[PDB]
Every structure is written in C-alpha cells, then in structure tokens.
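Written below as structure tokens is the structure these notes are about.
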Amino acid sequence: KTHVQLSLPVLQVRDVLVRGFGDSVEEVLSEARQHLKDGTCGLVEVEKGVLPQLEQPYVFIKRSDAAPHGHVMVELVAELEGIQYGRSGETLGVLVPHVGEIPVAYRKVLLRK
C-alpha cells in the first residue's frame with residue numbers, strides 16, 4: 001500500500017535512549033522509514049528545549065492533509081544545520097528509535113510510504 005496506518009508511542013525527551021537515526025539526511029530518513037515499518041519508531045512532541053536534546057539530522061513527521069479512521073496523514077521531512085529535505089505541513093513531532101521506553105500517549109498517523 002502507498003499509505004500505512006500507524007500508532008506512534010509518544011516518548012518524553014528525557015526518557016529517550018537513542019536520540020536519532022544516524023549521521024546523514026539520507027541515513028536518518030532511511031532508518032526512520034525502516035523503524036516505522038517494523039513498529040520500532042517513537043515520536044517526541046516538539047516544544048522549547050526539546051530539539052537541542054536530540055541528535056541531528058532530525059526526522060519530522062508533518063501533517064500532509066487537512067484523517068482516515070482517526071489517522072492524520074503525515075510525511076517525513078529531515079533537517080540538518082537548519083536546511084530541510086522535503087516540504088510539508090505542521091510538525092506533529094520528531095521521530096526517534098523506540099527501544100522499550102514507556103510512552104505517555106499514542107499518535108495515530110497515516111504514513112505516505
């Protein structure tokens with residue numbers, strides 16, 4: 001399918017053990033896509049002081065439509081030294097590996113894969 005229905009565990013930034021997906025824009029988008037497919041992807045909600053606690057390049061999920069079965073349609077945008085790779089809507093959060101952290105909530109998304 002072109003789109004996949006996911007529920008992303010929302011993690012507190014101070015709990016996150018692995019604070020990014022890798023060392024290049026291409027690697028982090030690749031890894032984020034793989035983790036999203038394998039159900040091993042978490043979401044950190046972006047507020048004051050959150051991004052400096054995480055590792056660049058960042059992967060954002062961004063609203064791509066203005067929500068089938070409650071799933072907001074999203075796409076991936078990467079960011080390194082203030083340049084973004086992709087163009088989309090409002091940030092829902094930044095993606096990180098999920099390695100067993102206890103979530104605070106779930107975010108239902110429909111991912112353009």
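Residue numbering restarts at 1 for every chain of the structure tokens, chains are lettered A, B, ... in their displayed order, and ligands are numbered from 1 as they appear.
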Leaving out segment 33-36 of chain A and any residue of its chain fewer than 6 positions from it, which residues lie within 10 Å of it when counting only C-alpha atoms, given as a VMD selection string?
chain A and resid 4 6 to 8 21 27 42 59 76 95 to 98 111 113
Filtering to C-alpha atoms, could you give me those residues as an mmCIF file, in the first residue's frame?
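The result, stored in result05.cif:
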data_model
loop_
_atom_site.group_PDB
_atom_site.id
_atom_site.type_symbol
_atom_site.label_atom_id
_atom_site.label_comp_id
_atom_site.auth_asym_id
_atom_site.auth_seq_id
_atom_site.Cartn_x
_atom_site.Cartn_y
_atom_site.Cartn_z
ATOM 1 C CA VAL A 4 0.213 2.606 6.223
ATOM 2 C CA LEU A 6 0.440 3.515 12.447
ATOM 3 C CA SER A 7 0.035 4.378 16.164
ATOM 4 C CA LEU A 8 3.324 6.038 17.307
ATOM 5 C CA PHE A 21 18.562 7.608 13.474
ATOM 6 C CA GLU A 27 20.550 7.612 6.553
ATOM 7 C CA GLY A 42 8.692 6.703 18.694
ATOM 8 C CA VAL A 59 13.328 13.467 11.106
ATOM 9 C CA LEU A 76 8.706 12.724 6.632
ATOM 10 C CA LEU A 95 10.881 10.600 15.250
ATOM 11 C CA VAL A 96 13.385 8.536 17.311
ATOM 12 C CA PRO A 97 14.122 4.828 17.737
ATOM 13 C CA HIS A 98 11.789 3.167 20.290
ATOM 14 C CA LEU A 111 2.148 7.475 6.596
ATOM 15 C CA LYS A 113 5.311 5.183 2.326
#
Just asking: which residues within segment 27-88 of chain A are alpha helix (DSSP H) according to DSSP, as a VMD selection string?
chain A and resid 27 to 38
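With distances taken over only C-alpha atoms, A:9 is the one residue among A:15, A:9, A:90, A:83 lying closest to residue 40 of chain A.
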Distance atom CA of residue 73 of chain A-atom CA of residue 112 of chain A, one decimal place?
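If I compute the distance from atom CA of residue 73 of chain A to atom CA of residue 112 of chain A, I get 7.4 Å.
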Check chain A with DSSP on the backbone and list each residue it calls strand (DSSP E or B), as JSON, numbers by chain.
{"A": [3, 4, 5, 6, 7, 8, 9, 10, 41, 42, 43, 44, 58, 59, 60, 61, 62, 63, 72, 73, 74, 75, 76, 77, 78, 79, 80, 83, 84, 85, 91, 92, 93, 94, 95, 96, 97, 105, 106, 107, 108, 109, 110, 111, 112]}
Nearest-residue call for residue 23 of chain A, choices A:100, A:70, A:57, A:82, using only C-alpha atoms:
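So, comparing all the options, the nearest one is A:57.
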For segment 60-66 of chain A: contacts at 12 Å, only C-alpha atoms, fewer than 3 positions along chain excluded, given as a VMD selection string
chain A and resid 3 8 20 to 21 25 28 to 29 32 to 33 36 41 to 46 51 56 to 57 71 to 80 84 to 96 107 to 112
How many Å lie between atom CA of residue 99 of chain A and atom CA of residue 14 of chain A, rounded to one decimal?
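Between these atoms lies a distance of 13.8 Å.
Our summary of the geometry notes that atom CA of residue 102 of chain A is positioned 7.0 Å from atom CA of residue 11 of chain A.
For the set A:105, A:16, A:5, A:37, the residue with the smallest atom-to-atom gap to residue 69 of chain A is A:5, counting only C-alpha atoms.
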